[PDB]
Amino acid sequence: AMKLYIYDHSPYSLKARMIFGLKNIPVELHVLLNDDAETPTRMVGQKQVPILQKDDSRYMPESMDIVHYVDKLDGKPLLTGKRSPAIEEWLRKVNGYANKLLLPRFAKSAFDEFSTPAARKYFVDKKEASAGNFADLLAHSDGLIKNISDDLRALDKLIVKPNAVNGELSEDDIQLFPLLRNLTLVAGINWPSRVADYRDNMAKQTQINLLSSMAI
């Protein structure tokens, strides 16, 4: 009877979703409108998402707390591999700018949490620094796309396996995949073959759709 309250686009929700998919544990997704402060506050006392409702019907926020709690539910935790400092550095870098590519694309996209005009507007009112700034960021796609492409060629030589970035499923797979999955929203990226393998493989494994059809 486990429910998971999420936003489709958010990495933090995706991290929670991965652990259910990877362990083949059935979960009832409930996407909440981006502007909804009242419902998550009933559940956990604050506007926080993702939220997990366990079988006892009690609520629990925080992505990593949820991942750790779920990995444990069947007595066979899967996230046993080592973390790579080379992967953590790469993540640190790309996260310094990926949102310059994603946030504007998010706002324009077909996600449930934006299904209402006011829900979509809130996201923009919360994330867009100045009134037309997303339009200016989109206009600098050319530059950012080169930047991301180059980085993916560096991530390419680092990926040991298509089913575990380090060779054994680890926290790096939790931190990496959401980023990669969401970057498939960005039209024009050049994807190297091993990164591509990993992206496709890890999507079938986590039971999470990729965004290529909505790419802009």
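For every residue, the number given is its place in the sequence shown, counted from 1.
Practice task
Pick between 173-181 and 50-58: the one whose mean CA B-factor in the entry is higher.
Solution key: Mean CA B-factor is higher for 50-58.
Exercise for the section: State the tercile, meaning the lowest, middle or highest third, of residue 151 with respect to the CA B-factors recorded for its chain. Expected result: Residue 151: CA B-factor falls in the lowest third of its chain.
Exercise for the section: Consider only the C-alpha atoms of the modelled residues in this chain, order them by B-factor as the entry records it, and name the third containing residue 43: lowest, middle or highest. Expected result: It falls in the top third of the chain.
Exercise for the section: Using the B-factor values recorded in the entry, state whether the Cα atom of residue 206 falls in the lowest, middle or highest third among the modelled residues of its chain. Expected result: Within its chain, residue 206 is a middle-third residue by C-alpha B-factor, going by the deposited values.
Exercise for the section: Using the B-factors in the PDB entry, rank residue 18's C-alpha atom against the chain and give the third, lowest, middle or highest. Expected result: Bottom third by C-alpha B-factor.
Practice task
Using the B-factor values recorded in the entry, state whether the Cα atom of residue 85 falls in the lowest, middle or highest third among the modelled residues of its chain.
Solution key: CA B-factor rank for residue 85: highest third.
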